[PDB]
file protein_28.cif (mmCIF, C-alpha atoms and all ligand atoms)
data_start
loop_
_atom_site.group_PDB
_atom_site.id
_atom_site.type_symbol
_atom_site.label_atom_id
_atom_site.label_comp_id
_atom_site.auth_asym_id
_atom_site.auth_seq_id
_atom_site.Cartn_x
_atom_site.Cartn_y
_atom_site.Cartn_z
ATOM 1 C CA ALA A 7 -28.014 43.078 61.672
ATOM 2 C CA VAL A 8 -24.841 42.956 59.567
ATOM 3 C CA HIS A 9 -23.923 46.312 58.013
ATOM 4 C CA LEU A 10 -20.898 46.227 55.792
ATOM 5 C CA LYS A 11 -20.607 50.019 56.001
ATOM 6 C CA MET A 12 -19.845 49.647 59.724
ATOM 7 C CA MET A 13 -16.901 47.289 59.036
ATOM 8 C CA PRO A 14 -13.696 49.026 57.991
ATOM 9 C CA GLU A 15 -12.113 45.851 56.475
ATOM 10 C CA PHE A 16 -14.953 45.962 53.896
ATOM 11 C CA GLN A 17 -14.181 49.564 52.882
ATOM 12 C CA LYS A 18 -10.564 48.845 51.908
ATOM 13 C CA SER A 19 -10.085 49.750 48.220
ATOM 14 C CA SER A 20 -9.187 46.116 47.330
ATOM 15 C CA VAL A 21 -12.692 44.956 48.389
ATOM 16 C CA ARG A 22 -15.249 44.735 45.570
ATOM 17 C CA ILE A 23 -18.788 43.488 46.242
ATOM 18 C CA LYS A 24 -21.424 43.418 43.505
ATOM 19 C CA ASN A 25 -24.354 42.694 45.860
ATOM 20 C CA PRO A 26 -23.709 44.050 49.327
ATOM 21 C CA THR A 27 -27.185 43.376 50.749
ATOM 22 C CA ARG A 28 -26.878 39.703 49.749
ATOM 23 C CA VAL A 29 -23.404 39.521 51.325
ATOM 24 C CA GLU A 30 -24.971 40.980 54.499
ATOM 25 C CA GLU A 31 -27.703 38.313 54.496
ATOM 26 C CA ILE A 32 -25.156 35.550 53.981
ATOM 27 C CA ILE A 33 -22.885 36.740 56.772
ATOM 28 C CA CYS A 34 -25.966 37.151 58.968
ATOM 29 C CA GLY A 35 -26.708 33.456 58.241
ATOM 30 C CA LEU A 36 -23.131 32.380 59.091
ATOM 31 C CA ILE A 37 -23.313 34.295 62.372
ATOM 32 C CA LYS A 38 -26.679 32.720 63.235
ATOM 33 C CA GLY A 39 -25.301 29.219 62.699
ATOM 34 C CA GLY A 40 -22.052 29.834 64.555
ATOM 35 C CA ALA A 41 -19.287 27.273 64.951
ATOM 36 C CA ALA A 42 -21.634 24.307 64.953
ATOM 37 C CA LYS A 43 -22.764 24.917 61.387
ATOM 38 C CA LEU A 44 -19.567 26.242 59.770
ATOM 39 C CA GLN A 45 -17.033 24.570 57.467
ATOM 40 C CA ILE A 46 -14.320 26.036 55.186
ATOM 41 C CA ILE A 47 -13.488 24.917 51.666
ATOM 42 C CA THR A 48 -10.426 26.639 50.278
ATOM 43 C CA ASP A 49 -7.922 26.649 47.418
ATOM 44 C CA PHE A 50 -4.266 26.829 48.294
ATOM 45 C CA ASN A 51 -1.913 28.512 45.816
ATOM 46 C CA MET A 52 -2.455 32.297 45.532
ATOM 47 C CA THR A 53 -5.459 31.955 47.877
ATOM 48 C CA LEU A 54 -3.888 30.947 51.200
ATOM 49 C CA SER A 55 -0.458 31.795 49.868
ATOM 50 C CA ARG A 56 0.621 35.178 48.500
ATOM 51 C CA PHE A 57 0.663 35.925 44.766
ATOM 52 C CA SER A 58 3.427 38.519 45.242
ATOM 53 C CA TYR A 59 5.390 40.333 47.968
ATOM 54 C CA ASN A 60 7.292 43.613 47.502
ATOM 55 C CA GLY A 61 6.590 43.595 43.763
ATOM 56 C CA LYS A 62 8.087 40.138 43.263
ATOM 57 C CA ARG A 63 5.989 37.081 42.198
ATOM 58 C CA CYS A 64 5.816 34.337 44.858
ATOM 59 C CA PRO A 65 6.095 30.584 44.169
ATOM 60 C CA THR A 66 3.294 28.104 43.836
ATOM 61 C CA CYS A 67 3.847 24.623 45.266
ATOM 62 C CA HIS A 68 5.079 23.456 41.844
ATOM 63 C CA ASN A 69 7.440 26.445 41.655
ATOM 64 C CA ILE A 70 8.895 25.531 45.025
ATOM 65 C CA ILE A 71 10.228 22.383 43.376
ATOM 66 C CA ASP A 72 11.024 24.167 40.054
ATOM 67 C CA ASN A 73 13.289 26.628 41.861
ATOM 68 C CA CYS A 74 15.029 24.293 44.328
ATOM 69 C CA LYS A 75 18.583 22.819 44.502
ATOM 70 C CA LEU A 76 17.443 19.353 43.437
ATOM 71 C CA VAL A 77 16.508 20.584 39.974
ATOM 72 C CA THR A 78 19.236 21.372 37.399
ATOM 73 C CA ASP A 79 19.478 24.822 35.795
ATOM 74 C CA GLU A 80 18.567 23.328 32.415
ATOM 75 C CA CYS A 81 15.454 21.714 33.853
ATOM 76 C CA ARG A 82 14.492 24.881 35.745
ATOM 77 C CA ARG A 83 14.748 26.785 32.472
ATOM 78 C CA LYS A 84 12.387 24.325 30.756
ATOM 79 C CA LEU A 85 9.923 24.531 33.688
ATOM 80 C CA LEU A 86 10.012 28.306 33.747
ATOM 81 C CA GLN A 87 9.265 28.441 30.012
ATOM 82 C CA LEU A 88 6.376 25.977 30.486
ATOM 83 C CA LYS A 89 4.984 28.249 33.190
ATOM 84 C CA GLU A 90 5.278 31.333 30.956
ATOM 85 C CA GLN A 91 3.499 29.546 28.160
ATOM 86 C CA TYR A 92 0.759 27.808 30.107
ATOM 87 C CA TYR A 93 0.017 30.398 32.840
ATOM 88 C CA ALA A 94 -0.663 32.796 29.980
ATOM 89 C CA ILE A 95 -3.436 30.438 28.863
ATOM 90 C CA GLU A 96 -4.624 29.798 32.435
ATOM 91 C CA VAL A 97 -5.387 33.500 32.989
ATOM 92 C CA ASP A 98 -6.365 34.402 29.401
ATOM 93 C CA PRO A 99 -9.565 36.457 29.623
ATOM 94 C CA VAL A 100 -10.760 35.544 26.101
ATOM 95 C CA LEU A 101 -10.783 31.733 26.456
ATOM 96 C CA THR A 102 -13.610 29.724 28.017
ATOM 97 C CA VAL A 103 -12.992 27.252 30.881
ATOM 98 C CA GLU A 104 -13.668 24.530 28.298
ATOM 99 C CA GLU A 105 -11.065 25.894 25.841
ATOM 100 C CA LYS A 106 -8.402 26.224 28.565
ATOM 101 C CA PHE A 107 -9.063 22.690 29.933
ATOM 102 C CA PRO A 108 -6.939 20.652 27.514
ATOM 103 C CA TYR A 109 -4.021 23.083 27.778
ATOM 104 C CA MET A 110 -4.043 22.633 31.546
ATOM 105 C CA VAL A 111 -3.972 18.877 31.197
ATOM 106 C CA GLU A 112 -1.019 19.255 28.793
ATOM 107 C CA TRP A 113 0.864 21.618 31.115
ATOM 108 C CA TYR A 114 0.589 19.219 34.035
ATOM 109 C CA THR A 115 1.560 16.275 31.867
ATOM 110 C CA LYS A 116 4.690 18.085 30.692
ATOM 111 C CA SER A 117 5.477 19.548 34.108
ATOM 112 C CA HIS A 118 5.066 16.310 36.059
ATOM 113 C CA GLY A 119 6.962 14.472 33.352
ATOM 114 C CA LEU A 120 10.012 16.712 33.899
ATOM 115 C CA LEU A 121 9.810 16.489 37.691
ATOM 116 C CA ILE A 122 9.802 12.694 37.488
ATOM 117 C CA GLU A 123 12.823 12.813 35.140
ATOM 118 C CA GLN A 124 14.607 14.873 37.776
ATOM 119 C CA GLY A 125 13.833 12.175 40.373
ATOM 120 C CA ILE A 126 12.876 14.315 43.379
ATOM 121 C CA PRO A 127 13.780 12.610 46.655
ATOM 122 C CA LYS A 128 11.132 12.450 49.352
ATOM 123 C CA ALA A 129 13.757 12.958 52.053
ATOM 124 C CA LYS A 130 14.672 16.357 50.661
ATOM 125 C CA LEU A 131 11.179 17.906 50.773
ATOM 126 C CA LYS A 132 11.613 19.393 54.273
ATOM 127 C CA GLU A 133 14.818 21.229 53.270
ATOM 128 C CA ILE A 134 13.416 22.220 49.860
ATOM 129 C CA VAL A 135 10.422 23.902 51.506
ATOM 130 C CA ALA A 136 12.504 25.530 54.276
ATOM 131 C CA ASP A 137 14.817 27.037 51.671
ATOM 132 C CA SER A 138 12.030 28.249 49.356
ATOM 133 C CA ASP A 139 10.458 31.696 48.958
ATOM 134 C CA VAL A 140 6.893 30.521 49.723
ATOM 135 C CA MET A 141 4.829 33.014 51.722
ATOM 136 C CA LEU A 142 1.430 32.589 53.332
ATOM 137 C CA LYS A 143 -1.031 35.463 53.343
ATOM 138 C CA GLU A 144 -0.947 38.064 56.100
ATOM 139 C CA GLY A 145 -3.146 36.837 58.971
ATOM 140 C CA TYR A 146 -2.647 33.141 58.316
ATOM 141 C CA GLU A 147 -1.835 32.377 62.003
ATOM 142 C CA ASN A 148 -5.159 33.818 63.180
ATOM 143 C CA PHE A 149 -7.108 32.212 60.348
ATOM 144 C CA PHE A 150 -5.887 28.690 61.088
ATOM 145 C CA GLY A 151 -5.719 29.377 64.826
ATOM 146 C CA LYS A 152 -9.338 30.552 65.262
ATOM 147 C CA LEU A 153 -10.575 27.738 63.055
ATOM 148 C CA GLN A 154 -8.738 25.058 65.111
ATOM 149 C CA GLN A 155 -9.791 26.692 68.441
ATOM 150 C CA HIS A 156 -13.407 26.107 67.399
ATOM 151 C CA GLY A 157 -12.883 22.742 65.684
ATOM 152 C CA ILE A 158 -14.067 24.071 62.300
ATOM 153 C CA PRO A 159 -13.459 21.602 59.434
ATOM 154 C CA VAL A 160 -11.120 23.071 56.818
ATOM 155 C CA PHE A 161 -10.868 21.305 53.438
ATOM 156 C CA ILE A 162 -7.888 22.541 51.386
ATOM 157 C CA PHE A 163 -8.546 21.481 47.786
ATOM 158 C CA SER A 164 -5.442 22.250 45.659
ATOM 159 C CA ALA A 165 -4.387 21.485 42.089
ATOM 160 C CA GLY A 166 -0.743 21.836 43.253
ATOM 161 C CA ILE A 167 1.496 19.230 44.869
ATOM 162 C CA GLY A 168 0.103 17.761 48.134
ATOM 163 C CA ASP A 169 3.441 16.796 49.670
ATOM 164 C CA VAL A 170 4.757 20.333 49.231
ATOM 165 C CA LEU A 171 1.560 22.016 50.505
ATOM 166 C CA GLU A 172 1.557 19.815 53.601
ATOM 167 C CA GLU A 173 5.226 20.627 54.315
ATOM 168 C CA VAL A 174 4.543 24.373 53.922
ATOM 169 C CA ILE A 175 1.711 24.338 56.441
ATOM 170 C CA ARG A 176 3.578 21.911 58.759
ATOM 171 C CA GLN A 177 6.585 24.291 58.841
ATOM 172 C CA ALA A 178 4.336 27.323 59.417
ATOM 173 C CA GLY A 179 2.887 25.449 62.409
ATOM 174 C CA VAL A 180 -0.682 25.549 61.124
ATOM 175 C CA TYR A 181 -1.375 22.002 59.944
ATOM 176 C CA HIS A 182 -3.835 21.337 62.782
ATOM 177 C CA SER A 183 -6.105 18.297 63.045
ATOM 178 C CA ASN A 184 -9.066 20.202 61.621
ATOM 179 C CA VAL A 185 -7.261 20.536 58.271
ATOM 180 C CA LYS A 186 -7.844 18.016 55.464
ATOM 181 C CA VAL A 187 -5.668 18.310 52.339
ATOM 182 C CA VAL A 188 -6.688 16.982 48.895
ATOM 183 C CA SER A 189 -4.202 17.560 46.065
ATOM 184 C CA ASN A 190 -1.798 15.734 43.689
ATOM 185 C CA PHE A 191 0.352 13.622 45.956
ATOM 186 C CA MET A 192 3.704 12.250 44.875
ATOM 187 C CA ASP A 193 4.317 8.530 44.347
ATOM 188 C CA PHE A 194 7.769 7.396 45.437
ATOM 189 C CA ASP A 195 9.727 4.318 44.349
ATOM 190 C CA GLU A 196 11.386 1.920 46.818
ATOM 191 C CA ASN A 197 14.404 4.270 46.996
ATOM 192 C CA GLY A 198 12.274 7.316 47.984
ATOM 193 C CA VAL A 199 12.596 8.730 44.453
ATOM 194 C CA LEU A 200 9.713 10.472 42.661
ATOM 195 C CA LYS A 201 8.248 8.029 40.122
ATOM 196 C CA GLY A 202 4.794 9.497 39.468
ATOM 197 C CA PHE A 203 1.654 10.915 41.054
ATOM 198 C CA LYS A 204 -1.149 9.201 42.948
ATOM 199 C CA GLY A 205 -4.814 8.934 41.999
ATOM 200 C CA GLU A 206 -6.435 11.103 39.326
ATOM 201 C CA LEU A 207 -4.881 14.410 38.266
ATOM 202 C CA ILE A 208 -6.441 17.503 39.858
ATOM 203 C CA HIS A 209 -5.868 20.527 37.593
ATOM 204 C CA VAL A 210 -7.135 24.108 37.488
ATOM 205 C CA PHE A 211 -10.352 23.217 35.683
ATOM 206 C CA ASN A 212 -11.545 19.894 36.968
ATOM 207 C CA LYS A 213 -12.039 20.478 40.671
ATOM 208 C CA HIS A 214 -15.760 19.776 40.085
ATOM 209 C CA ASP A 215 -14.627 16.155 39.639
ATOM 210 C CA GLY A 216 -12.650 15.711 42.822
ATOM 211 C CA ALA A 217 -15.335 17.637 44.735
ATOM 212 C CA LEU A 218 -17.723 14.699 44.081
ATOM 213 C CA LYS A 219 -15.093 12.056 44.892
ATOM 214 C CA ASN A 220 -14.833 13.047 48.572
ATOM 215 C CA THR A 221 -18.232 11.866 49.874
ATOM 216 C CA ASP A 222 -16.792 10.133 52.906
ATOM 217 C CA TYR A 223 -15.666 13.589 54.010
ATOM 218 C CA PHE A 224 -18.682 15.727 53.135
ATOM 219 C CA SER A 225 -21.313 13.211 54.244
ATOM 220 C CA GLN A 226 -19.745 13.252 57.734
ATOM 221 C CA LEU A 227 -20.214 17.052 57.759
ATOM 222 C CA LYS A 228 -23.887 17.109 56.884
ATOM 223 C CA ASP A 229 -24.580 19.406 59.910
ATOM 224 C CA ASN A 230 -22.016 21.915 58.588
ATOM 225 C CA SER A 231 -24.392 23.569 56.156
ATOM 226 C CA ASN A 232 -22.817 27.038 56.229
ATOM 227 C CA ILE A 233 -19.715 27.240 54.008
ATOM 228 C CA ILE A 234 -17.054 29.842 53.379
ATOM 229 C CA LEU A 235 -15.315 29.090 50.067
ATOM 230 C CA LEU A 236 -12.017 30.815 49.174
ATOM 231 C CA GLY A 237 -10.438 30.745 45.749
ATOM 232 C CA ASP A 238 -8.412 32.694 43.162
ATOM 233 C CA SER A 239 -9.577 30.980 39.975
ATOM 234 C CA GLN A 240 -12.861 30.458 38.184
ATOM 235 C CA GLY A 241 -12.036 26.761 38.586
ATOM 236 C CA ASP A 242 -12.294 27.169 42.354
ATOM 237 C CA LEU A 243 -15.992 28.015 42.267
ATOM 238 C CA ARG A 244 -16.710 24.310 41.874
ATOM 239 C CA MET A 245 -14.925 23.166 45.058
ATOM 240 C CA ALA A 246 -18.137 22.973 47.170
ATOM 241 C CA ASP A 247 -20.002 20.804 44.598
ATOM 242 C CA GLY A 248 -19.751 17.732 46.893
ATOM 243 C CA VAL A 249 -21.181 19.426 49.975
ATOM 244 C CA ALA A 250 -24.073 17.477 51.537
ATOM 245 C CA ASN A 251 -26.339 20.323 52.484
ATOM 246 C CA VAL A 252 -25.845 23.996 51.716
ATOM 247 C CA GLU A 253 -27.810 26.561 53.675
ATOM 248 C CA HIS A 254 -25.567 29.614 53.364
ATOM 249 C CA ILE A 255 -22.433 29.753 51.254
ATOM 250 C CA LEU A 256 -20.123 32.765 50.946
ATOM 251 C CA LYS A 257 -17.614 32.704 48.032
ATOM 252 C CA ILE A 258 -14.575 34.967 48.438
ATOM 253 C CA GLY A 259 -12.305 35.250 45.404
ATOM 254 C CA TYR A 260 -8.779 36.663 45.185
ATOM 255 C CA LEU A 261 -8.316 38.418 41.853
ATOM 256 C CA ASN A 262 -4.534 38.582 41.362
ATOM 257 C CA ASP A 263 -3.931 39.259 37.661
ATOM 258 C CA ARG A 264 -5.578 40.652 34.536
ATOM 259 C CA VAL A 265 -7.723 42.615 36.936
ATOM 260 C CA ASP A 266 -9.462 45.048 34.612
ATOM 261 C CA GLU A 267 -10.343 42.318 32.105
ATOM 262 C CA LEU A 268 -11.527 39.856 34.727
ATOM 263 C CA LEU A 269 -13.192 42.107 37.336
ATOM 264 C CA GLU A 270 -16.745 41.844 35.965
ATOM 265 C CA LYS A 271 -16.666 38.051 35.620
ATOM 266 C CA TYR A 272 -15.181 37.714 39.113
ATOM 267 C CA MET A 273 -17.702 40.104 40.651
ATOM 268 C CA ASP A 274 -20.541 38.152 39.004
ATOM 269 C CA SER A 275 -19.307 34.761 40.278
ATOM 270 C CA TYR A 276 -17.768 35.447 43.714
ATOM 271 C CA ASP A 277 -19.718 37.232 46.438
ATOM 272 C CA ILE A 278 -16.674 39.182 47.582
ATOM 273 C CA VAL A 279 -13.716 39.916 45.262
ATOM 274 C CA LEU A 280 -10.381 40.891 46.831
ATOM 275 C CA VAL A 281 -8.275 42.693 44.221
ATOM 276 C CA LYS A 282 -4.442 42.444 44.573
ATOM 277 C CA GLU A 283 -4.908 41.632 48.229
ATOM 278 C CA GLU A 284 -2.232 39.784 50.197
ATOM 279 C CA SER A 285 -4.098 39.372 53.507
ATOM 280 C CA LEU A 286 -6.831 37.240 55.029
ATOM 281 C CA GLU A 287 -8.258 40.231 56.926
ATOM 282 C CA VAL A 288 -11.727 40.097 55.396
ATOM 283 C CA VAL A 289 -12.283 36.379 56.066
ATOM 284 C CA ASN A 290 -10.690 36.753 59.529
ATOM 285 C CA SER A 291 -13.156 39.541 60.313
ATOM 286 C CA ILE A 292 -16.073 37.327 59.297
ATOM 287 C CA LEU A 293 -14.754 34.483 61.444
ATOM 288 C CA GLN A 294 -14.380 36.897 64.405
ATOM 289 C CA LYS A 295 -18.098 37.724 64.099
ATOM 290 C CA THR A 296 -19.113 34.110 63.587
ATOM 291 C CA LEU A 297 -17.154 32.073 66.088
HETATM 292 O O1 LIG B 301 3.218 22.828 36.588
HETATM 293 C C1 LIG B 301 2.502 23.657 37.230
HETATM 294 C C2 LIG B 301 1.138 23.386 37.302
HETATM 295 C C3 LIG B 301 0.313 24.275 37.996
HETATM 296 N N1 LIG B 301 0.848 25.365 38.575
HETATM 297 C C4 LIG B 301 -0.042 26.284 39.313
HETATM 298 O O2 LIG B 301 -0.701 25.566 40.359
HETATM 299 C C5 LIG B 301 -1.943 26.227 40.638
HETATM 300 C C6 LIG B 301 -2.920 25.210 41.221
HETATM 301 O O3 LIG B 301 -2.846 25.100 42.654
HETATM 302 P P1 LIG B 301 -4.108 25.680 43.511
HETATM 303 O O4 LIG B 301 -4.205 27.156 43.175
HETATM 304 O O5 LIG B 301 -5.272 24.864 43.028
HETATM 305 O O6 LIG B 301 -3.647 25.305 44.891
HETATM 306 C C7 LIG B 301 -2.431 26.708 39.280
HETATM 307 O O7 LIG B 301 -3.095 27.981 39.409
HETATM 308 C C8 LIG B 301 -1.159 26.820 38.436
HETATM 309 O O8 LIG B 301 -0.858 28.176 38.081
HETATM 310 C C9 LIG B 301 2.214 25.621 38.503
HETATM 311 O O9 LIG B 301 2.673 26.652 39.039
HETATM 312 N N2 LIG B 301 3.018 24.774 37.811
HETATM 313 MG MG MG B 302 -5.087 28.878 43.404
HETATM 314 NA NA NA B 303 8.919 19.822 58.778
#

call {"tool": "encode", "arguments": {"input": "protein_28.cif", "output": "structure tokens"}}
result
Amino acid sequence: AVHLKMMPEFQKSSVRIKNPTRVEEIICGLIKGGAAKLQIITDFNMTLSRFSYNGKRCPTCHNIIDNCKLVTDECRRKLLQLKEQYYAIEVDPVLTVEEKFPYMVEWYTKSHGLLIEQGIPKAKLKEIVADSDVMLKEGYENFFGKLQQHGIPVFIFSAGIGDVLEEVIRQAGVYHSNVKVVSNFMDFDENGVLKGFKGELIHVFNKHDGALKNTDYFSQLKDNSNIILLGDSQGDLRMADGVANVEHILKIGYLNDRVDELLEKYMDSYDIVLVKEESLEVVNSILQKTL
């Protein structure tokens, strides 16, 4: 039997669980199924990466570009002001997902617009990432390492910038063959200069869409009917909507901001809520018991 009270990682003060007996049953199911049944579906920004470190906010994939040498100070100022305006709406506890939706579309339209104006060169992405302040969560090496050791499919489903996310994980040495990335990927002109983005926009509140547009992937993983889903947003709860067969699914949510206002809604919607938590210790502990 799984007993959360016997697991110290689950007693940390950042760990909030509305229904601990259900979480026990789920984890029991994951352990029963083992490697052969497991797959991971995860957000990227503020889920695999840190929201803050030493009381300083850490960059998202977009911010990595916002803050880099290839963007003028005037442009950075505009982008920073856009983030102040639109992040405030993103996390606003009063607004419904449906009311936030159009503002997210608008943010990305404005943000990508400006990045295209700045003409970001493909050849500079390696340096841009290496020079940035991006930080993955504590325990990332063991998370990706254990998953690759056991050939567990990992689907990273991000509303950020795919090229940047890939370069982050490549540089951290964790972009193993079991990792599939779906995000907004840059489109480059003949000179290697940013001219637009590929495919349909993925934003905070339409991941339910892209979840259904990856059937090649999920239909090949029909046997992988036990899922661990990691997210930081209410939008992330939809990322497993394309999964072929779900037997047991555990949803772990990082709650990074507006904690008191959002705690109830997060505890109702995610099985395990990790409040202001910069490590992957809880998911790593589950994987240790499962694999
Ligand atoms: O111009 C933008 C657009 C989005 N985001 C952030 O990107 C995150 C989406 O990436 P992910 O969390 O889905 O990986 C959103 O939470 C949003 O705050 C930015 O920082 N700048
Ligand atoms: Mg996120
Ligand atoms: Na590299």

call {"tool": "closest_residue", "arguments": {"input": "protein_28.cif", "among": "A:173, A:49, A:72, A:270", "to": "residue 213 of chain A", "atoms": "all atoms listed in the file"}}
result
A:49

call {"tool": "atom_distance", "arguments": {"input": "protein_28.cif", "atom1": "atom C8 of ligand LIG 301 (chain B)", "atom2": "atom CA of residue 287 of chain A"}}
result
23.9 Å

call {"tool": "atom_distance", "arguments": {"input": "protein_28.cif", "atom1": "atom CA of residue 25 of chain A", "atom2": "atom CA of residue 248 of chain A"}}
result
25.4 Å

call {"tool": "closest_atom_pairs", "arguments": {"input": "protein_28.cif", "of": "segment 184-247 of chain A", "to": "segment 140-160 of chain A", "cutoff": "9 Å", "atoms": "all atoms listed in the file", "output": "Markdown table"}}
result
| residue | atom | partner | partner_atom | distance |
| --- | --- | --- | --- | --- |
| A:184 | CA | A:159 | CA | 5.1 |
| A:185 | CA | A:160 | CA | 4.8 |
| A:186 | CA | A:160 | CA | 6.2 |
| A:187 | CA | A:160 | CA | 8.5 |
| A:227 | CA | A:159 | CA | 8.3 |
| A:230 | CA | A:159 | CA | 8.6 |

call {"tool": "residues_near_point", "arguments": {"input": "protein_28.cif", "point": "(8.0, 21.2, 35.4)", "cutoff": "12 Å", "atoms": "all atoms listed in the file", "output": "count of residues only"}}
result
41

call {"tool": "residues_around", "arguments": {"input": "protein_28.cif", "residues": "residue 204 of chain A", "least_positions_apart": "5", "cutoff": "7 Å", "atoms": "all atoms listed in the file", "output": "VMD selection string"}}
result
chain A and resid 190 to 193

call {"tool": "residues_near_ligand", "arguments": {"input": "protein_28.cif", "ligand": "ligand MG 302 (chain B)", "cutoff": "8 Å", "atoms": "only C-alpha atoms and all ligand atoms", "output": "PDB file with C-alpha atoms, in the frame of the given file"}}
result
ATOM      1  CA  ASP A  49      -7.922  26.649  47.418  1.00  0.00           C
ATOM      2  CA  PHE A  50      -4.266  26.829  48.294  1.00  0.00           C
ATOM      3  CA  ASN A  51      -1.913  28.512  45.816  1.00  0.00           C
ATOM      4  CA  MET A  52      -2.455  32.297  45.532  1.00  0.00           C
ATOM      5  CA  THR A  53      -5.459  31.955  47.877  1.00  0.00           C
ATOM      6  CA  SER A 164      -5.442  22.250  45.659  1.00  0.00           C
ATOM      7  CA  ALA A 165      -4.387  21.485  42.089  1.00  0.00           C
ATOM      8  CA  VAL A 210      -7.135  24.108  37.488  1.00  0.00           C
ATOM      9  CA  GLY A 237     -10.438  30.745  45.749  1.00  0.00           C
ATOM     10  CA  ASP A 238      -8.412  32.694  43.162  1.00  0.00           C
ATOM     11  CA  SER A 239      -9.577  30.980  39.975  1.00  0.00           C
ATOM     12  CA  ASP A 242     -12.294  27.169  42.354  1.00  0.00           C
TER      13      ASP A 242
END

call {"tool": "closest_residue", "arguments": {"input": "protein_28.cif", "among": "A:104, A:169, A:283, A:79", "to": "residue 189 of chain A", "atoms": "only C-alpha atoms"}}
result
A:169

call {"tool": "closest_residue", "arguments": {"input": "protein_28.cif", "among": "A:246, A:95, A:135, A:292", "to": "ligand LIG 301 (chain B)", "atoms": "all atoms listed in the file"}}
result
A:95

call {"tool": "axis_aligned_box", "arguments": {"input": "protein_28.cif", "around": "segment 228-242 of chain A", "padding_each_side": "8 Å", "output": "AutoDock Vina command-line options"}}
result
--center_x -16.5 --center_y 24.9 --center_z 49.0 --size_x 32.2 --size_y 31.6 --size_z 37.7

call {"tool": "closest_residue", "arguments": {"input": "protein_28.cif", "among": "A:22, A:219, A:75, A:38", "to": "residue 295 of chain A", "atoms": "only C-alpha atoms"}}
result
A:38

call {"tool": "closest_residue", "arguments": {"input": "protein_28.cif", "among": "A:250, A:289, A:265, A:110", "to": "ligand LIG 301 (chain B)", "atoms": "only C-alpha atoms and all ligand atoms"}}
result
A:110

call {"tool": "residues_around", "arguments": {"input": "protein_28.cif", "residues": "residue 258 of chain A", "least_positions_apart": "5", "cutoff": "6 Å", "atoms": "only C-alpha atoms", "output": "PyMOL selection string"}}
result
chain A and resi 236+276-279

call {"tool": "closest_residue", "arguments": {"input": "protein_28.cif", "among": "A:199, A:178, A:268, A:171", "to": "ligand LIG 301 (chain B)", "atoms": "all atoms listed in the file"}}
result
A:171

call {"tool": "residues_near_ligand", "arguments": {"input": "protein_28.cif", "ligand": "ligand NA 303 (chain B)", "cutoff": "6 Å", "atoms": "all atoms listed in the file", "output": "PyMOL selection string"}}
result
chain A and resi 132+173+176-177

call {"tool": "resolve_selection", "arguments": {"input": "protein_28.cif", "expression": "the PyMOL selection byres (((chain A and resi 29) around 12) and not hetatm)", "output": "PyMOL selection string"}}
result
chain A and resi 7-11+16+22-28+30-36+234+254-258+276-279+292

call {"tool": "residues_around", "arguments": {"input": "protein_28.cif", "residues": "residue 14 of chain A", "least_positions_apart": "4", "cutoff": "10 Å", "atoms": "only C-alpha atoms", "output": "list in words"}}
result
residues 10, 18, 288 and 291 of chain A

call {"tool": "write_last_selection", "arguments": {"input": "protein_28.cif", "atoms": "C-alpha atoms", "output": "PDB file, in the frame of the given file"}}
result
ATOM      1  CA  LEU A  10     -20.898  46.227  55.792  1.00  0.00           C
ATOM      2  CA  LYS A  18     -10.564  48.845  51.908  1.00  0.00           C
ATOM      3  CA  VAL A 288     -11.727  40.097  55.396  1.00  0.00           C
ATOM      4  CA  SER A 291     -13.156  39.541  60.313  1.00  0.00           C
TER       5      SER A 291
END

call {"tool": "closest_atom_pairs", "arguments": {"input": "protein_28.cif", "of": "segment 251-291 of chain A", "to": "segment 100-103 of chain A", "cutoff": "12 Å", "atoms": "all atoms listed in the file", "output": "tab-separated table"}}
result
residue	atom	partner	partner_atom	distance
A:264	CA	A:100	CA	11.1
A:267	CA	A:100	CA	9.1
A:268	CA	A:100	CA	9.7
A:271	CA	A:100	CA	11.5
